[PDB]
Amino acid sequence: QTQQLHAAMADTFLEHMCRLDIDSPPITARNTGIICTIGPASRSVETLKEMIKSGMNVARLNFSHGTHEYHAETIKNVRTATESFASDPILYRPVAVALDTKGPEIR
Amino acid sequence: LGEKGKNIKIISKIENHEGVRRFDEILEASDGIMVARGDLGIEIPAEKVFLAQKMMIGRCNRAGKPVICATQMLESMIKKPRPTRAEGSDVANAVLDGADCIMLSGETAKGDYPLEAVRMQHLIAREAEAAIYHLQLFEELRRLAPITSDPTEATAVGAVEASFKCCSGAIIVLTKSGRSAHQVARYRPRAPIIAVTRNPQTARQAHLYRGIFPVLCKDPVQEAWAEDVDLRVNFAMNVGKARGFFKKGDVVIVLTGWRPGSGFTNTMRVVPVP
Amino acid sequence: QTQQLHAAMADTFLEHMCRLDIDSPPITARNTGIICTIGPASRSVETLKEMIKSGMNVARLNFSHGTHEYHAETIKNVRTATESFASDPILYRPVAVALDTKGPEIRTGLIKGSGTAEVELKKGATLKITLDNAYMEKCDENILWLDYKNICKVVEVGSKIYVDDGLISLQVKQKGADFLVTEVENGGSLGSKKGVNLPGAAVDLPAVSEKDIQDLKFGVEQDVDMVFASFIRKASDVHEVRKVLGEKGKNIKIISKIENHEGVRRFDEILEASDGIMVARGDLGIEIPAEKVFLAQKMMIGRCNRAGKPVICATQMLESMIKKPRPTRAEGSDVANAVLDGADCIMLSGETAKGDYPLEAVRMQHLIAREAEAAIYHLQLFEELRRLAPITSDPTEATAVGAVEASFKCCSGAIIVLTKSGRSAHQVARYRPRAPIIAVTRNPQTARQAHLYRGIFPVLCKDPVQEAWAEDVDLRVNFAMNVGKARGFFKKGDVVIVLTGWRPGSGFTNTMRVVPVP
Amino acid sequence: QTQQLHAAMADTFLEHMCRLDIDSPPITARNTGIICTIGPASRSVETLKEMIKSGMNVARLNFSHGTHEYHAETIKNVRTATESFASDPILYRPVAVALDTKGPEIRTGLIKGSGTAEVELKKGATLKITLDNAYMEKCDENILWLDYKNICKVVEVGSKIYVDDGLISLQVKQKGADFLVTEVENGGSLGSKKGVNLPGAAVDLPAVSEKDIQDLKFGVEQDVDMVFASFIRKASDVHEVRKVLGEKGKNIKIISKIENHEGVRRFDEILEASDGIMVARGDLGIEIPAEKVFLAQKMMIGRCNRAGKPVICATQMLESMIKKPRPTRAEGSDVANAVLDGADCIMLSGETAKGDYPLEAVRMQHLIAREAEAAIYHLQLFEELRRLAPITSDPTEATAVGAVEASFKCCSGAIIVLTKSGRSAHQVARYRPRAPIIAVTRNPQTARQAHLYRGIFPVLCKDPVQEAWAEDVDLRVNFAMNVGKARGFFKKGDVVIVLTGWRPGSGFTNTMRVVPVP
Amino acid sequence: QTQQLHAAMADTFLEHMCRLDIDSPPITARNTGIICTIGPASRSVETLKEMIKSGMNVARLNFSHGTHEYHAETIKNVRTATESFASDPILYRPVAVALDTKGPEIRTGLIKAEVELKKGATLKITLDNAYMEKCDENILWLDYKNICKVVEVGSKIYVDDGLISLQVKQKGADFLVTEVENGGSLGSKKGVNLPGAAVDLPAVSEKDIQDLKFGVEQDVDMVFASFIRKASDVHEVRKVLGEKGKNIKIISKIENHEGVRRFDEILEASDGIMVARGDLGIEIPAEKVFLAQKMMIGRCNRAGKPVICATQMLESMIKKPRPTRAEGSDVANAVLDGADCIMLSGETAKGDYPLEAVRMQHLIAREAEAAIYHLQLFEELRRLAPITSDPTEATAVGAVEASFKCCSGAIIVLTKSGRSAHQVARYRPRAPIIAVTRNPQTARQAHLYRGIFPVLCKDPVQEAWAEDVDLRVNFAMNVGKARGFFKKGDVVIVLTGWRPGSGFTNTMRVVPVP
Ligand SMILES: O=P(O)(O)OC[C@H]1O[C@](O)(COP(=O)(O)O)[C@@H](O)[C@@H]1O
Ligand SMILES: O=P(O)(O)OC[C@H]1O[C@](O)(COP(=O)(O)O)[C@@H](O)[C@@H]1O
Ligand SMILES: O=P(O)(O)OC[C@H]1O[C@](O)(COP(=O)(O)O)[C@@H](O)[C@@H]1O
Ligand SMILES: O=P(O)(O)OC[C@H]1O[C@](O)(COP(=O)(O)O)[C@@H](O)[C@@H]1O
Ligand SMILES: [Mg+2]
Ligand SMILES: [Mg+2]
């Protein structure tokens, strides 16, 4: 009855679809990685702590806008928020930092 | 990036008709791909974007390379605390297509509901992951993956097979560079892949791959290498128990190697949770 | 290098995905039905003419709002627009009329005596819910009246209430005799006469209200093609609609809208009692957690495909197109995935009823559907439909699967089906051919109702009955050849499948012919 | 609980095997063609009448032995027996005549002047092979004469020589000119005029010998239906037989016998050039290691099935039935597996030519064929045949596949096919329906040649040509209905598939009808 | 170019068949077990040495005939021949001993033998014995007491391995009035079959009891139990074998319609199955035997229980040094069907060419094993196998998967009881399963399973368990190298456990051959 195990056992893709069940709860584990773009809504250490708790795995920094000083502060905040959980190694979540380039553009 | 940035992962953003047309050569040269749907949907007709998305996810899954689905996934959540039905659908279908990562842009950068957007991606992903037809997916990945003499690839396919047979709560992988855990992820098990590493960059970079739940071991190096290996396995057991992935008595798959250093993963064990 | 034929030839679904090609153009034919809600953005004869040209197949009338007089005029305008093309029978497109019931809706009243006034609700604030009719037109930030007199019987302390498409959320912290003390969880702007959902609750409202009775009777009078019955929870709800339609409306199709937890749980009995299903994602996505809607959508589409019953995917498919001339990437994806899931029909609501870009929304649905139809993995789909469909003695069913098989084998430009009631064409549609199904009928209702099924391109023959039956049959086949050539589905020399019967009348389809286009 | 319908519905081949049921009886119809070698045990008119009743479809004449006079009499008796049933056209069974050439055989001389005289050969003993015709009649325990002039130039020292279906083996110990000295490795009872095999050697004998010319000429004169051409090594060998048959024999079917290494290696070119293939296991199992024969059998059956060309499985299928009235378990297995492999025809040689139980052998092949035909996993077989057969514009192909699909869907009692040349019926047989294919023809040669294809049950229409073509067509359909009813393939009310064309003449089959049995 | 690897890569079973190649040579390893009936053609130590060399894995002793003294001597000769190779442990092949019971036979009267039978006539069948001394086409008596309770008017009766047919026209009482359906050579105290009838003779006869006890005394590896009709029959054999024979494998012979119908309960109660085609092909129509064979092989493969295909596989080799083409086909198809073992009866017991028969089974098996469409077979076995918590089951499926992925030369399994090796065999890898054991009975019993190449480790137990484990792995590496299964640098799959003792196999390693 859990994690669509009835749908899992179907002999056809069509029967698999037929067996998808809103009353079959998922497992705790979530496999898909979540990448969040950090900006003014999400930049504070305090918001970033909650972002991590909510499931943020990667912090994306968009280099279309903002100075290196601004970005360095964001990265610092990401690291501050991440390391606040380092006290319990069992519960600590690693958090990646991604740099998204401006690339060739027109303005 | 040079020698100093040689371990930084390059994810190529596919943004235009040329990037789509030269996709194979781009993929081979990259560490992974972002389906950059924003620009792509301006560059090519909007009605064709799902074709390029499913083509690139498919080819990445085939190559075992990370693929990100990006742009406007929960766009209305910039202003509203709930997504539209199209947005819930889009997230679920990106996961069902086989995307390793999903992304938020304006929803988290500038929106009024960044935490709700994150939470929603988490809820959808996990529902969609259970809805995957693993039976066909694992058959097709096996049939299409080259036979090689690589012991790690053979071990990693063995581990996923075993995980399906015993309905394991996880696949525990010790890894220095992440490569052994990446090789498991390629075969798309249902169970989470707990990747135990002492390498903090490895732990961070592992989020590029579907199902890799990285854990950074801080514990000091035990005297006997076999004991240091067992310590890291036990660490992953403790994480899994704490996160509610499994309980004492459940079976998990454990991947290790025959000697220290990268490139020697060749051991698969089916072990009870202590 | 056309219609994803390289992807079509793949041995695995994964390889099929790998082969999808943005440089492989679709065929001209579009198989997915387009249902458009008519309202002030789309009501004029002149706009309706463009809708039809842009690909509208069904005109949905939403009976949540408006008088019978208003609806009668809309229906008249739909018919005026449709019949303006009757002059060329080759190009004429039949257009169905669908009545969508109000059903057991819950709505708030007026913010400070106004239809347009809003107040803001802040996270944490007390809002009192009243059923005192005094506050009917006097709603505000502190006192909200809603129209469900039994709300207090069915709600409890700790219940969630959703206002306005579930954007505003309330938590019942204190319950009174004929009032509720709530705390604003998710705040926002509260306006007038907004939809209310009680996801936890067993709502006591009738399946078919007295208003629903009058509306359904009006539908019979107005010769509507189909009913979209709102909030269907159980088979007895369907039977109530069916009884109301009566002998006089026995040929009107009942489409049950699944938009609550009950509707999902009792899906099988509802499906058996209905002519088809709408996945009513709006209410459904408030009634059940938003992250579960795709599960229910794919379950219902799958079960409908298995039953050979029409399934509509509805609500917010191109929502941002209410305000913008282009859709978001999630919306483009949603449309394509509904097609790939198996949906017979895609729908527009606010996008065509009230938005700034109704024709662009219609056009976009047309473009996406056709791209997605070529991306279907027919090789697996047809194998699975065959394996799961009962062996029967029915000659028509045997002729239909044989015709579909034949259409795959010779890569036919179309399956031409002569049909009186539509059944023979429906039976072909169930097996999901790649090629369009040109259904030739003299029955105007049949022509309109045929839009409920994937691939069925109905053509209304208005040539008089020729005395030699064989000549009358050939006339209708030739009519379809002319339509298909004019629409660019095929050219002279191409092969098509032709389905006919051995005698006039209905129930005798048993003949499959592979014929060159003249 | 009939025709292995439970096993038919299994999702896997393994589950299909698990569901095979000894308590599930077969239908009535038997699809696999039965070829019987006629000889002294079976050549009387009276025995031949019973062979036909027992299920013989093809009469094989083996031209390794006997005179033209002897063969002319056999053919006359086959025709007498066949035509004794002509009185009832509904029950008449067409019976084909096949000429099996001697080909480049090597045979020994006569033991001590006699053709039935037998030496027992000793293991380890010495035997001298000579080409000196002085000894051609004087063959004994220490002197054996062969008819292959070039023996010495092609067989080196140490070479293996096999005598009498490989049962006796000799090693080239002493290599000379005009003669050889060998030791008997496998001793045994050596008789007269026994087949010799040189598996190592490139045997340079002509494809078509002067005897073969006289024999093929005789076949043309005798109006044989088909030639089984022995020892085909290459496509130019088939072209030779074809040129020998000439304009006068242009409609005679050439079946290339595959019986040596080179013919397996050059299989594809041979297949393309031939009308079909015989898996000639006897010689093949001496020429290549015995343990490889099943590989070559399954390869050739598979490639023939893929090409839609007839394949015969031949040699030792029920060998022990020469002396015993029941087969061994290996023989029951072999028959069932040849059918399961996909052979169009199974064959009897010594079992019918010279054995003590020819009718029992025929009967047994009929019982096993029909049991094995029910055990076919049609679900996988039909899926694979579809996936592997080219998409073409050919209307007849599309109709034939439509037909087979339809026949599976409605569990039809038969596929009725009007055919002039047989081709439309051949095209249905290629896709392997479970139901018999009743091929209605006025062409008596077509009716006989149709036994080469799995499932084709030919019926020769004798009724005169009706003036109205539509009436003449319906007359032939009704004839097939009458045959099916009489043979118990189906009853009134059952459904059948009917294939016809849009105009008279070959090449216009495009019409598939699902029709009730009147 | 080797091992039908081109056919292996086909997307369809049809294309797989199209790609079968007579010029694609098999590997050295032969996976199918060869069971040989020992008799006068094969009984000498010297012939038995050649039997073993030629590929015989199991010596079947048929207890329908011969004294305990005779059988004891045969067993002694089998052991003498087997142990002559013990000098090289790397090359030694274990050889099992199987006892095939007589079982519940029905018998007739006497001749002071082949008489004339009146095709048509009538024969009086009573239980009192009247025409006891002479057997002529007129009057015949029987040993089966409950004949009339299991056979009705219009139930057929076979005599002398189905040779004489008879239809029941009157009861009964003790009397039976008949018509003759087949003419043949009427013997004396001859075999009787009752097709369709559920025969109520004891599962384990008094003779069977003494035989089964003798088997325990003689340390036989397995019992082939005759005429098994039901699960309670298997339980009876099991109880007779007792504590002392608790490790002896019980293979139920499926001989009649009842055994086929009650197959599932029989299979569950047994260690394995024999498809006993001889008797089966008398009791049920001959044309149905292939259905029952493929049904039983399929169900056994599904259960992971050994299945033997038996009777007339190379019958003409009794008199001829080469088989018929039907016989070559039959052997190949039994292997393709999924059979763990193939058997020789008269071909090795009494024939003129026992060693050629053995050799032929080995050649065919190995060709047929390369022709298996593993791609479909492994997909179907895995889809149909229950999800369980059993660590060894998961390890075994994992090992089989990895063996396919790296095209391994072997799966090495350390096993005490054989179970870990049996669990690998169930998933049908292409590569041989080298089962390393110190248990000589385990080494012998392993021949019942497809692919299991048992090796008996003689080396003494090392004090460090890890060293003792590595020693046994290295022993298997040496065997595989010597037999040409693989060479230094090739990869193999290695299965071990986490602690000594049975039931702990949970470790799969991909290891290079040293
Ligand atoms: O995934 P990678 O980078 O190849 O690392 C896997 C390696 O980790 C190990 O399990 C443990 O190695 P360390 O003890 O050096 O961390 C090795 O045996 C194995 O080769
Ligand atoms: O799909 P339906 O309603 O059964 O109608 C199909 C019918 O149409 C026909 O092709 C033509 O019928 P008419 O001539 O009455 O229009 C019949 O032969 C066939 O039975
Ligand atoms: O299999 P063939 O040789 O193409 O013959 C099939 C032909 O038989 C028919 O059904 C009947 O033709 P005839 O009336 O000339 O015999 C044609 O319509 C069709 O083209
Ligand atoms: O197949 P079985 O009988 O369960 O035996 C497998 C056992 O063999 C071993 O690999 C070695 O055991 P021993 O040291 O007792 O011989 C164990 O770890 C494992 O449990
Ligand atoms: Mg609604
Ligand atoms: Mg020959």
Side-chain angles (χ1 to χ4, degrees), chain D residues 12-14 16-18 20 279 281 290-302 313 329-330 332-343 372 375-377 380-381, chain E residues 3-4 7-8 10 12-22 24 26-27 30-34 275 277 289-302 306-310 313-314 323 325-343 360-381 425 427-430 450-451:
Chain D
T12 61
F13 181 68
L14 182 56
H16 171 82
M17 277 176 86
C18 293
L20 294 173
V279 187
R281 300 189 311 178
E291 73 265 21
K292 293 188 190 283
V293 178
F294 81 93
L295 298 166
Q297 172 176 326
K298 291 162 193 275
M299 177 275 286
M300 290 189 268
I301 293 178
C313 182
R329 304 304 177 285
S333 171
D334 182 45
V335 180
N337 284 294
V339 171
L340 292 166
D341 285 351
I376 287 163
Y377 187 38
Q380 184 167 353
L381 180 61
Chain E
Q3 219 184 339
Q4 314 297 338
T12 59
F13 180 66
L14 180 57
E15 196 49 47
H16 170 83
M17 274 176 81
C18 291
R19 294 174 180 200
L20 292 174
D21 183 3
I22 67 157
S24 164
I27 53 165
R30 191 251 303 158
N31 293 340
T32 309
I34 297 171
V275 187
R277 301 188 311 178
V289 178
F290 82 93
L291 297 167
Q293 168 175 327
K294 291 163 191 276
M295 176 280 279
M296 289 189 271
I297 292 177
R299 291 197 198 165
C300 282
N301 285 181
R302 197 181 56 185
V307 63
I308 305 165
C309 182
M313 303 198 75
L314 303 172
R325 305 302 177 279
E327 287 161 355
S329 176
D330 181 47
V331 178
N333 279 292
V335 172
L336 293 164
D337 281 351
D340 290 280
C341 294
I342 52 182
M343 198 168 102
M360 191 41 74
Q361 276 204 334
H362 164 82
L363 297 171
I364 302 165
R366 198 162 67 168
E367 292 281 1
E369 285 151 25
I372 287 164
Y373 188 38
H374 288 94
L375 202 231
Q376 176 157 1
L377 179 58
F378 185 59
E379 280 179 28
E380 298 192 345
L381 287 164
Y427 294 103
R428 290 286 195 270
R430 180 184 284 112
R450 176 79 74 79

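When reading the values below, keep in mind they use all heavy atoms of this one structure, side chains included, and skip hydrogens, waters and symmetry mates. In what follows, chains are A, B, ... by sequence order, proteins preceding strands, each numbered from 1.
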**Report entry** Which atom of E:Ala10 lies closest to which atom of E:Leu375, heavy atoms considered
**Finding:** O-CD1, 3.7 Å

Query raised in the report: What distance separates E:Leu314 CG from E:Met343 CE, expressed to the nearest 0.5 Å?
Result: 12.0 Å

**Report entry** Residues forming a salt bridge (charged side-chain N to carboxylate O under 4.0 Å, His left out) with E:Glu367, sequence neighbours excluded
**Finding:** D:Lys292

Query raised in the report: CE/E:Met296 to CG/E:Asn301 distance, rounded to the nearest 0.5 angstrom?
Result: 12.5 Å

Query raised in the report: How many angstroms lie between CD in E:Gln361 and CD1 in E:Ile34, if you round to the nearest 0.5 Å?
Result: 5.5 Å

Requested in this report: Verify, without hydrogens or angle tests, whether D:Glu291 (side chain) and E:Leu363 (backbone) share a donor-acceptor contact under 3.5 angstrom.
Outcome: no

Query raised in the report: Given E:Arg428 and E:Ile372, is the side chain to side chain contact (heavy atoms under 4.5 Å, CB included) satisfied, shown in steps?
Result: CA-CA 10 Å; E:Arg428 290 286 195 270; E:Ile372 287 164; over 6 Å; no

Query raised in the report: Atom OG1 in D:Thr12, atom CG in E:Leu377: separation rounded to 0.5 Å?
Result: 10.5 Å

Query raised in the report: With distance as the sole test, does E:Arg19 use its side chain to make a donor-acceptor pair with the main-chain N or O of E:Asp21 at under 3.5 Å?
Result: no

Query raised in the report: What's the shortest heavy-atom distance between E:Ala334 and E:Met313, and which atoms?
Result: CB-CE, 3.7 Å

Report summary line: In this structure, SG of E:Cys18 is separated from CD1 of D:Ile301 (nearest 0.5 Å) by 11.0 Å

Query raised in the report: What do the steps show when you test E:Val275 against E:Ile308 for side chain to side chain contact (heavy atoms under 4.5 Å, CB included), and what is the final call?
Result: CA-CA 6 Å; E:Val275 187; E:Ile308 305 165; over 6 Å; no

Report summary line: Contacts of D:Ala336 meeting side chain to side chain contact (heavy atoms under 4.5 Å, CB included) (sequence neighbours excluded), chain-then-number -> D:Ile368, D:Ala372, E:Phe290

Query - Closest non-hydrogen atom pair between E:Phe378 and E:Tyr427, with its separation - result: CD1-O, 3.5 Å

**Report entry** Parallel, tilted or perpendicular: rings of D:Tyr377 and D:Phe13 (30°, 60°)
**Finding:** tilted

Report task. Consider only side-chain N and O atoms of D:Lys298 and E:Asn333, and report whether a donor and an acceptor are under 3.5 Å apart. Result -> yes

Query raised in the report: Nearest 0.5 Å, what's the CD1-CG distance between E:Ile22 and D:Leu295?
Result: 8.0 Å

Report task. Apply side chain to side chain contact (heavy atoms under 4.5 Å, CB included) to E:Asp340 and E:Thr32, showing your working. Result -> CA-CA 6 Å; E:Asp340 290 280; E:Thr32 309; over 6 Å; no

Query raised in the report: Would you say the side-chain atoms of D:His16 pair up with the backbone N or O of D:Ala375, donor to acceptor, closer than 3.5 Å?
Result: yes

Query raised in the report: If you look at every heavy atom in E:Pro323 and E:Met360, which pair is closest and at what distance?
Result: CG-CG, 3.8 Å

Query raised in the report: Considering residues at least two apart in sequence or located in another chain, which fulfil the salt bridge (charged side-chain N to carboxylate O under 4.0 Å, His left out) criterion with E:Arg277?
Result: E:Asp330

Query raised in the report: If you look at every heavy atom in D:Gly302 and E:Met17, which pair is closest and at what distance?
Result: N-CE, 4.0 Å

Query raised in the report: Going through the checks in order, is the side chain to side chain contact (heavy atoms under 4.5 Å, CB included) test met by E:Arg325 and D:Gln297?
Result: CA-CA 11 Å; E:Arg325 305 302 177 279; D:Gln297 172 176 326; over 6 Å; no

